[PDB]
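# Sequence first, structure after, both from an experimental entry:
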Amino acid sequence: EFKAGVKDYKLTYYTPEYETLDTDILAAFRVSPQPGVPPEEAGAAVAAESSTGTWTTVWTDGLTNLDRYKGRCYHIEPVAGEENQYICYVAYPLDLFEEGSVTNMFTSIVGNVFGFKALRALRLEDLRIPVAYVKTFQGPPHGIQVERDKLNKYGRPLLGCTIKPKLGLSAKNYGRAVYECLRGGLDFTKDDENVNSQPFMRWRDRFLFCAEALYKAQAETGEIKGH
Amino acid sequence: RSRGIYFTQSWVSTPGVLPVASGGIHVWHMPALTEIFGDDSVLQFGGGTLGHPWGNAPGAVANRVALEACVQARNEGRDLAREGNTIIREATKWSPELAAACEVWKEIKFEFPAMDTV
Amino acid sequence: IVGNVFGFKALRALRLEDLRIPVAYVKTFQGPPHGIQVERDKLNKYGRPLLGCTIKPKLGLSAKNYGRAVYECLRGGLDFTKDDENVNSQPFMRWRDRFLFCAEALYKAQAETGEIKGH
Amino acid sequence: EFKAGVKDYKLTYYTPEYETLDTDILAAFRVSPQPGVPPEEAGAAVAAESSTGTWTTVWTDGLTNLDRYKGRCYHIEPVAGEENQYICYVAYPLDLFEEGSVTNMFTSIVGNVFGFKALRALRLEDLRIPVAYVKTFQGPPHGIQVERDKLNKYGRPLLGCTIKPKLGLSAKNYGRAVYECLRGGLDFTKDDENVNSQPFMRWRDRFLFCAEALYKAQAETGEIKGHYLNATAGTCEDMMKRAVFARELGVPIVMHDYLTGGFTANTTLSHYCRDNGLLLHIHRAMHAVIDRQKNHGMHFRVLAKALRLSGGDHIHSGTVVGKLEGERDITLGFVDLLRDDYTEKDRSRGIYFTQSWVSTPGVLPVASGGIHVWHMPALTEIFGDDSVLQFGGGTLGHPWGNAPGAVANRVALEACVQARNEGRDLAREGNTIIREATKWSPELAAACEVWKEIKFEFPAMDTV
Amino acid sequence: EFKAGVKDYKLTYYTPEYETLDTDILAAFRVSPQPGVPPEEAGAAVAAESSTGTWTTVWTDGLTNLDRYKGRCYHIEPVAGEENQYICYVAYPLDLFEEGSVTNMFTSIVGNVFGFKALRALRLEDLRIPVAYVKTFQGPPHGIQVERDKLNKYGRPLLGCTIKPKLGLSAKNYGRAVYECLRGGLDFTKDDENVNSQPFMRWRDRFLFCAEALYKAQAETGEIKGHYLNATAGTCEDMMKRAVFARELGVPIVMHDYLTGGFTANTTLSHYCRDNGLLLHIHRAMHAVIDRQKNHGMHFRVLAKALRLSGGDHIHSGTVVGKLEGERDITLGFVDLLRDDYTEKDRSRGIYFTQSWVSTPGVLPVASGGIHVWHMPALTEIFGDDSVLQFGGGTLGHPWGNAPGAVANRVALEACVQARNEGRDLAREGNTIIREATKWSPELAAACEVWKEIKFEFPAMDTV
Amino acid sequence: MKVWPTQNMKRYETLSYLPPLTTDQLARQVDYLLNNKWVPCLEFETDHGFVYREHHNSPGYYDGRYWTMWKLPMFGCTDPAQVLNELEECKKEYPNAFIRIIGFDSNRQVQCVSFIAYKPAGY
Amino acid sequence: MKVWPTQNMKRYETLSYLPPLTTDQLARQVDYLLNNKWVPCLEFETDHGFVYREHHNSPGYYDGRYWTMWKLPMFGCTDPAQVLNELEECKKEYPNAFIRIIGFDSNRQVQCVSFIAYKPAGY
Ligand SMILES: O=C(O)[C@@](O)(COP(=O)(O)O)[C@H](O)[C@H](O)COP(=O)(O)O
Ligand SMILES: O=C(O)[C@@](O)(COP(=O)(O)O)[C@H](O)[C@H](O)COP(=O)(O)O
Ligand SMILES: O=C(O)[C@@](O)(COP(=O)(O)O)[C@H](O)[C@H](O)COP(=O)(O)O
Ligand SMILES: [Mg+2]
Ligand SMILES: [Mg+2]
Ligand SMILES: [Mg+2]
Ligand SMILES: [Mg+2]
C-alpha cells in the first residue's frame, strides 16, 4: 500500500535484531544528535540517507525489494563521558557498491549525511570491508614484498628525504640537492607534495635532472636509489 | 564580513555557475526559494515529486505550477516573503495536483540550530 | 594551502574561510564548460528557475524502472531529472543500460511536451 | 630437513580433519582408482597435482608456506551401485586462482590429473565457487531481466529457430528463410553453430542480408525481432571484426560457440557485448565430447557455471524430450544453477554444493534439438517462462513453409501458456490442450499431423 | 515433391559406393549404437548432423545441391574385441570449412553428434586433412629446423624443467630457481601450466625476474637459454599484453595452454609469434579429459594435428614411462604425425589415414611428467634427437639443489647420445651406460641413488 | 496450403496469436497474476502503438517501448474486480488508446505478465 | 486520483502551466520587463512551433529554437502600450503564427523574459 507522507526513519532503518552478513560493508559512526532527536532516529537517518531512503515516502519503493537493499542501523552504544554522543553501527548490502570503485563507496557512506540539520556532528570511525568486495580491487601495484625484492633492500627501515625549500628551487639545483642526499646513504629523496610544475621549475626539466643525479649517486654508492 | 566574504573577488568574465537548491524541500517552500535564489537557479524535488499521492506526473505538475505562480506574483509586484502562503493557496483553487501536494506536506518544516554560523 | 598545516601539533584547530584568487591566476583556467548564459540559450529556457528531481529510492531500481520514473517526471513539467549521486554502475543496474533507457524516456517526454528535457 | 625422495601424496594432501573456508573453491571428483591404489592416495594425488605438488619431494617447498596454498582432499565417500568408485572432495585456497579467468580455474582443477596412470577414470561433478571469486567476473553481459526489458517481451518462453540445411545455403537464401520464419511469430532465428564464413556463404554477405530480412519482419509484425549472427571465428581479430559489423547494423544479438572458440576468446566477446549493448547467445558445441559419460570427463553443470562467470545471456540446456540426451532431474538441477541467485545442495539432482551468486545475472536456458509442437506442453512445464524454445526442423519442416511453421509453434506455445495460467495441468492435459487449438488453427493442425508419432526414447548414459 | 516428415538418415547419408576426393576431409569414428540401432543408420546420423541435415525433412534442401555438400558415411567396419562397436568413415566436402579455422573444423565434426540419444558412445579416432585445406593455415610460427637454427642447438634432444611447487612461490624466488636450474646445463625452464597471474605472484613481476635470471645463466654458461613465459590469460587482450612484454624483454620463447585458453586465442598468439620472432611452447592442459577413454571422446592424435595447423613450435606428447598414461606404439604414431611431412596409414599405430603436410613445419614433441635420470636411455631411444625432455621434480628434487640437478640430467643425456652415436644399444645397455657415467659424475651418482627404485607401471586405458 | 497474410497483421506479444479473449478469459488472466502475488498496473498509448526508431539506432535501442502509466501500480490489490474496474475507467477516458495490463514481481523486479486488454477501432 | 493528459498537451515554457493570461495580467508582465529596464522584442513562427532535430543530433543542437524577429528590438522603449501595440500589429499580419514577447538584458546579454503572448486557433 502506498501512503504518502513523512514517517520516522527508525520505522524502516533501525533494525537492532539484524545479524550482519559476511558480504555486508559495516560502518561505525560517532553520532552527535541535536537536542531532542533520539539516538535511534539519528542512527536510522544516517543509514537511510546513505543507502536507499529520502525525507518522505515514495511509491517507487514498491517496485523493488527494499529489505535486500536498505542500509540499516543494527546497534547503538553510548560514548563514555561524552554528552549526547553515540556509536551507531550501520550495515550496507554488497549490491549497493560499484566493483573496484572507492569513489562510489564513499559517495554513499559519506555523501550527504554529514550535513543533516538533525545532527550537530558526525564522524566515520571505521569500516569493515568484506572480502568479496576487497577482491574487486587491484590494490597496491606491488606491495612490501615485491618492493623490497625489486630494490634489493632487506633488514632495516628504508630512508627518505624531502628536498627543501618546499618551492623556489630551479630544476638544476633540485638535482644537485638530490645527488648529494642520495650519495650519503639515503635510499630515496622526493619532490615536496606541492612541487608539480611551476614558473620557477617545470616538471620535465626536474625529472630530467633528477634522473641524472640519482643515476650518479647509484653508480657512486653501489646501492639502488630512487627519487 | 556580514556574509562571510573576507576578500573582494573578481572573475574577469569567467562564466557564472547555476546554484542548485535541493534536499527535503516541497511546494510550501517555493515562495521562499524563489525569493532567496531568484531566476538563475535550479530547484530540485526528489521525494517532493515521487512522494506525491498521485504519482510522478502529478507531482511534477504540482511543482511546476507552484513555481510559475510565484514567478507571476513576483512579476506583478507582490511580496513573496509576506504573501507566500496566500499565493500558494490561491493556486490550489484551480490546480488539483497542487492541492493534493499541499495537503500532504503542510506541517513539514526543518528547523534546527546551525553549526556553520558567521 | 591546505596540504599539511591542519595537522600541526602546535594548533588545536584550523579552518580556511576564504581565498582571494587573483585575476592573473583565474585566466589560467577554462572555468565552466558553458555557464548560465550559454546554458539558457542552448535549452531555450528563460524567465524562471529551472526544475529538477532526483529519482528515488536512491539505490535498488532496475534500468527499465529508472527510465519509467524519468519519463513520468519529465512529462509533468520538470526540466530535468537526475541519477542520485551514488548511482554509478551496480549489480541491480549497470550504467550503459540506464543511459539507454533514460534516453528513450527523456526523448519521449520532450516530444510529448514540446519543451527541451534532460536527465 | 629437506629429504629428497618420493613420499605418498596422502602424507601431505589428505586432510580429513580440514574444515573448509568460505573463500575456498570446492570440487567433487568421481574417482575410479587402479587396482591396488587406496582411495586416500588417489584422492590425495588429484589434490596434489592440481594445486602445488609433484611426484617427488622438492626443496623449494620450504621457501613458502605450503599449508596455506595446498589443495586438500578432505572427504571421501564410496559410490553406491558402482565398484571401486568414490566421490573425493577437494578444497582449493582462493589465492591459487587468477581473478576473472575461467581459463586459469580449469587449468589447475582439470589440467593434468585426468591422465594419471594410477587412475582408471576421473570425472569432475561439481564446483563450489566462493562469492569472493564470483565477484571478480563480469558475468552475463545483460542477463534475464535486462534482456526481457530491452526486447519488451514478458509472460512466456521466447521462441527461436535454426536455419536449415546446416550448410550449403547462399547468403540471400539465408535471409529469405529468416524473413519468412520471423514474420510467422518466432522471436529469433539463428545461424547454425558451424555457419561461420565459407565458400558457399561469406559472413559479411550473410549479416547484411539477415539484417534486411530481420528488419522487414519487425516492421510487418510490430514485435521486436532478432537473428543470432555467429561471431565464432579462427582468431580473436576475426571474431571482433564480425561483432563490430553487427554493432554497426544496429541489430540486438550475436552468438558464439564458447567451447570450440575457447574461454579466452569468449570472455573477450562477453566484455565487448557489455560495452556495446549486444545480447550474447552461447552455443555449447562439443560439450558432449566431455560430459556424456558418467565415469570420465566433466559434468555439464560445471561447464554451465563456467559460462555464467565468463559471460553469456543464453546457453543451451537440453530438451530432455528431444533428439539429444538429457535427464529431467539433472537438467532441472543446472537450470536453477543458471537462473537463480541461490541453490542449495541436493544430491537427488546432482547438486553437490550449495552455490550462491551474489546477484550475478541469471542466464536464459535454451531448449533445442529434435522438438516439435507435441512437445510444447512438456517443455513449458519443465522450463517455465524464462527459457528459449528453438525449432529448426520443427519450423522449416512444416508442409506449408516457414511462416506457417512459425505460426504453428507460436500458437502451440500461447495455448499452453493460457491453459497453465487458467490453472490446467500441462502434464496431464497437454495433448488435449494442443488438440483444442488445432480446431481453430489450420497451421497447427497441419504440423500435428506430420509429427504425431515422433518421439525420442532411449536409455540415458548420464545419470546421477 | 517436398515431402514433409521424418526419414531414416541412411537414405541420404549412407553412400557405400562413394569414392573419396583428394579435397575431402575424412573422419574415422568409433561408434557404439544403442541396442536396436543399425550401424548404417548410426553412421548416417553422425554424417548428417555434422554436415547438412537435421531430424526431419526441410524444403530448403531443394534450393541448393545437397549431393555437393552433404557429409557421407562411405564405409563401416566391425571392431574386433568389442561388442556392437564399429569404425564408421565419414567424408566431408572441402566447401564446408572456413579457411584457417580449427575452431570451425571441430564445430562441424564434433559439434553435436556426441550427445545423440541413439548412440551409447562416440569417439573420433583420426582425421585426414587434405593438402588443399592444410595450405589455408600458417602452421607452426617457426618449426623444428628454424628453432634449432635460432638457438644454435644441434645433435641431441633439448632439456627443460618445470619450476615447483606448482603454485605458491614469489616472483623473486621463481627467478632464483630459474637461474640455478639453467646454469646447470638445462636449455629451458618454464612456468607451470597454471602459473598465470595470482596474488602470490603477478605476471609482470615474474617475467621481469625470470629474464634477469635467464640472462645471467646465459652469460655464465655461454649457451643460449630460455624460460617459457606463460601468456595464458582470461581474455585475448590480457594474453596479448603478456606476449608484448616478452617481446620487449627480448627473450626467445613464450608458452600457451591451447585447450584451456582455446583455439581462437591460440591462433591469434601463433600469428603474433610468427610476426615477432617468438618461439611458442604449447601445453596440452585438459587433453586427458577428452582423450583418455577408448569408447568416448577424441584421440590425442586429432588434437595434435589440430595444433600443428593452428600453430605451435612445441607440444607435449607424453613420456610412455612417466607418471601420465601413454602407450609406446600409439605415441610413436602421433609423434611422426607431428614431425614428418608424410605419414602412411598404419593401423598397428592407430593411424587410420595417410596424412601429407605439404611442407608445413614439424613440431617438437615434449616428453614431460614423472621422469628421471634412469629413464634417459629409453626416452632417447623412443623420441630421438628432435624432442624436448623436461624434468621438474627430477631437477628440483635433487639432494644438492637445482644446479647439480640440472647437471645430472645434462650428463645423463649426453652419455646416452655418445653411446648411441658409437653404436651401442640404448634399449639393452641403457642401465650400464648410466652406471658408467656415475663413476665420474658425482652429481649424477647422487641422482641415481634417490630414484633407483621409482617406476610407473599401470594398465593403460587408451589402447589401439 | 495456406499463405500467411502480410497486411494488417500487427501483433501485440503474449496471447495475441490466440482468438480474442472473452470477458471470462480476461478475468482468469488477472486472477493468475494476483494469485502469484504480482502487482497489477495499467499502461496506455495513443500515438505510437508499435516500436520504431527515431532518436537512435544502436543495439538494443528502440522507441515506443515506454507507454504511459495509468495512475499507479495497485500495491496490495487482492481483488481482480478492482483491476477490471480501472480498465473500464481507462477505456472511458482513452477510447482511442491501446491499453496494456502488466504485473510486477518486486523481488526479481521483472514484469511477469503483460498483454493487451484493449485495442482502439481498426485493430 | 487524476491522470495527467497525454494528448494535445504541448507547453510553451514560462507561464504556460498557469491559466491563460487576462488582458491586465499580460500588461503587468510587460510592465515588469520595462521596469527592470530590459528591452522588449517580439518573435513569431508559422511552421515549426516546437523544437525538433532535422539537421544534426549532437549534444546541445536542436532545430526550431530560432524564430523570426518582428521588426527590431524596441531600444529606449518606456511605454507598455507601445509593446502591446506592436503585438496587435503582428497578430494582424500573422494570425496563423505563434508570437512570443522577450526581454533583453544587454549587460549580461541574456533574455530575462520570454513567454508566449499569442497562439493560433487550435492551440
Ligand atoms: O540524495 C539526496 O538527498 C538528494 O538527491 C535530494 O533528495 P530529495 O529531493 O528527496 O531530498 C540530493 O543529492 C541532496 O539535495 C544533496 O544535498 P545538497 O544539495 O546539500 O548537496
Ligand atoms: O544443429 C542442431 O542440431 C540445432 O540447430 C537444432 O536443430 P533442430 O532444431 O533442427 O533439431 C542445435 O544446434 C542443437 O539443438 C544443439 O544441441 P543442444 O541444444 O543440445 O546444445
Ligand atoms: O604439472 C606437471 O605435472 C608438469 O610440469 C611436470 O612436472 P614434473 O616434471 O615435476 O613431473 C607437466 O606440466 C606435465 O608433464 C604435463 O603433462 P603432459 O606432458 O602429459 O601434458
Ligand atoms: Mg612535504
Ligand atoms: Mg542525491
Ligand atoms: Mg545447430
Ligand atoms: Mg605442469
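Happy to help now that I have it. Numbers count the residues shown, from 1 in each chain, chains lettered A, B, ... in the order given. Ligands and ions are numbered 1, 2, ... in the order given.
# which SSE is the closest residue in space to residue F:105 that isn't next to it in sequence in?
Closest residue in space to residue F:105, ignoring its immediate chain neighbours: residue F:112 at 4.7 Å, by CB to CB, 6 or more residues apart in numbering or on different chains. C-beta here means a position set from N, CA and C on the backbone, and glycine is covered the same way. Per DSSP states H and E: residue F:112 is located in strand F:110-118.
# Okay, buried residues for that strand please.
F:110, F:111, F:112, F:113, F:114, F:115, F:116, F:117, F:118 (16 or more other CB atoms under 10 Å in any protein chain shown).
# Likewise for stretch A:152-166?
Within stretch A:152-166, the residues scored as buried using 16+ other CB under 10 Å are A:161, A:163.
# Just checking it against chain C, any contact.
No: with CB under 8 Å from any CB of the partner chain as the criterion, chain C is not reached by stretch A:152-166; the gap is at least 9.4 Å.
# For that stretch, C-alpha coordinates in CSV please.
Extracted in CSV, the C-alpha atoms of stretch A:152-166 (Å, rounded to 0.1, in the frame of the first residue of the first chain):
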residue,chain,number,x,y,z
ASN,A,152,67.2,-5.5,-3.2
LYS,A,153,66.8,-3.9,0.3
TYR,A,154,66.2,-6.0,3.4
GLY,A,155,66.7,-6.0,7.2
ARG,A,156,66.0,-2.3,8.0
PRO,A,157,63.6,0.5,7.5
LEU,A,158,64.2,2.4,4.3
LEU,A,159,65.4,6.1,4.4
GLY,A,160,64.0,9.0,2.5
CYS,A,161,64.2,12.8,2.4
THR,A,162,62.0,15.7,1.2
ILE,A,163,64.0,18.4,-0.7
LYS,A,164,63.8,21.9,0.8
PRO,A,165,62.8,24.7,0.4
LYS,A,166,59.4,23.4,-0.5
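# Can you report how many residues neighbour residue 52?
I'll assume chain A. Using other CB atoms under 10 Å in any protein chain shown, residue A:52 is surrounded by 28 other residues.
# my bad, chain F
What residue F:52 shows, counting by other CB under 10 Å, is a neighbour count of 13.
# re the thing from before, and which of the buried residues of strand F:110-118 is nearest ligand 7?
residue F:110 (45.7 Å; CB to the ion).
# Identify the residue spatially nearest to residue F:49, adjacent ones excluded.
Nearest one to residue F:49, counting by CB to CB, 6+ apart, is residue F:98 at 4.7 Å.
# Look up phi and psi at that neighbour.
Main-chain torsions, residue F:98, degrees, to the nearest 10: phi -90, psi 130.
# Neighbours of the closest residue to ligand 5 within chain F, how many?
Using CB to the ion, the point where chain F gets nearest to ligand 5 is residue F:109, with a distance of 20.9 Å. For residue F:109, the neighbour count with other CB under 10 Å is 19.
# what about the residue nearest to residue F:49, how many residues close to it?
Residue F:98, neighbours per other CB under 10 Å, totals 20.
# quick one, what contacts residue F:19?
For residue F:19, the contacting residues are residue D:440, by CB atoms under 8 Å, 6 or more residues apart in numbering or on different chains.
# ok, which pair from the buried residues of strand F:110-118 is furthest apart?
Using CB to CB, the pair of the buried residues of strand F:110-118 lying farthest apart is F:110 and F:118, separated by 23.6 Å.
# can you give me the strands in chain A?
All strands of chain A, identified by DSSP state E, fall at A:25-33, A:72-78, A:86-92, A:119-128.
# now do the same end-to-end measure for stretch F:28-46.
27 Å (CA to CA, to the nearest Å).
# And the helices in the chain, which stretches?
I'll assume chain A. Counting by DSSP state H, one finds helices in chain A at the ranges A:10-13, A:39-48, A:66-69, A:102-109, A:131-134, A:144-151, A:171-183, A:203-221.
# that answer is for a different chain, and I need it for chain F
Along chain F, counting by DSSP H, helices occupy F:23-35, F:80-93.
# Tell me which of the ones you listed approaches chain A most closely.
Ranking these by distance to chain A, with CB to the nearest CB as the measure, places helix F:80-93 first at 12.9 Å.
# how many other residues sit next to the residue in chain A positioned nearest to chain E?
Across chain A, the shortest distance to chain E (CB to the nearest CB) belongs to residue A:149, at 4.0 Å. Neighbours of residue A:149 under the rule other CB under 10 Å: 19.
# Mind putting the helices of chain F into JSON lines with mean neighbour count and distance to ligand 3?
Listed next are these as JSON lines, based on neighbours: other CB atoms under 10 Å in any protein chain shown; distance: least, CB to the nearest ligand atom, whole Å:
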{"stretch": "helix F:23-35", "mean neighbour count": "17", "distance to ligand 3": "57"}
{"stretch": "helix F:80-93", "mean neighbour count": "15", "distance to ligand 3": "65"}
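# quick one, which of the ones you listed is nearest to residue G:30?
helix F:80-93 (38.6 Å).
# Next up, the contacts around the spatially most central residue of chain F.
In chain F, the C-alpha nearest the mean C-alpha coordinate belongs to residue F:100, at 2.0 Å (CA atoms, centre = their mean). Residues near residue F:100 by CB under 8 Å, 6+ apart: F:42, F:43, F:44, F:45, F:67, F:114, F:115, F:116, F:117.
# rerun at 6 Å
For residue F:100, the contact set (CB atoms under 6 Å, 6 or more residues apart in numbering or on different chains) comprises F:43, F:116.
# neighbouring contacts of stretch A:210-218?
A:175, A:178, A:179, A:182, A:183, A:225, A:227.
# I meant stretch A:52-68, not that one.
By CB under 6 Å, 6+ apart, stretch A:52-68 touches A:2, A:5-6, A:69-70, B:24, B:46-47, B:50-51, C:56-61, C:65, F:72, F:75, F:106-107, F:109.
# Ok, stretch F:43-59 next?
Contacts of stretch F:43-59 (CB under 6 Å, 6+ apart): C:107, D:222, D:250, D:252, D:277-278, F:62-64, F:67-70, F:90, F:94, F:96-100, G:7.
# do the same with stretch A:77-96
A:20, A:23-32, A:39, A:43, A:47, A:69, A:71-76, C:59, C:91-92, D:359.
# Now do the residue in chain A positioned nearest to ligand 6 against residue A:85, distance only.
For chain A and ligand 6, the shortest gap (CB to the ion) falls at residue A:99, measuring 35.3 Å. The gap separating residue A:99 from residue A:85 is 35 Å, by CB to CB, to the nearest Å.
# where does chain F come near chain A, residue by residue?
Residues of chain F found near chain A (CB under 6 Å from any CB of the partner chain) are F:72, F:75, F:76, F:106, F:107, F:109.
# Need the max-distance pair from these.
F:72 and F:107 (19.3 Å).
# can you tell me the distance between the two ends of stretch A:108-116?
Note: stretch A:108-116 ends 14 Å apart using CA to CA.
# Could you pull out the buried residues of that stretch?
Under the neighbour-count criterion of 16+ other CB under 10 Å, stretch A:108-116 has A:108, A:109, A:110, A:112, A:113, A:116 buried.
# Quick one: residues contacting the residue nearest to residue F:49.
So residue F:98 contacts F:45, F:49, F:119 (CB under 6 Å, 6+ apart).
# And the residue nearest to residue A:164 when sequence neighbours are not counted, how close does it get to ligand 5?
Spatially, and ignoring its direct neighbours in sequence, residue A:164 is nearest to residue A:192 (7.4 Å; CB to CB, 6+ apart). As judged by CB to the ion, to the nearest Å, residue A:192 and ligand 5 stand 37 Å apart.
# How about residue A:62?
Separation of residue A:62 from ligand 5 (CB to the ion): 20 Å.
# ok, and the closest non-adjacent residue to the residue of chain A closest to chain E?
residue E:172 (4.0 Å).
# how far away is the closest residue to ligand 3 within chain F from residue D:249?
Closest residue of chain F to ligand 3, CB to the nearest ligand atom: residue F:59 (41.9 Å). Computed as CB to CB, the residue F:59 to residue D:249 distance reads 9 Å.
# Residue A:193 now?
In terms of CB to CB, residue A:193 sits 52 Å off from residue D:249.
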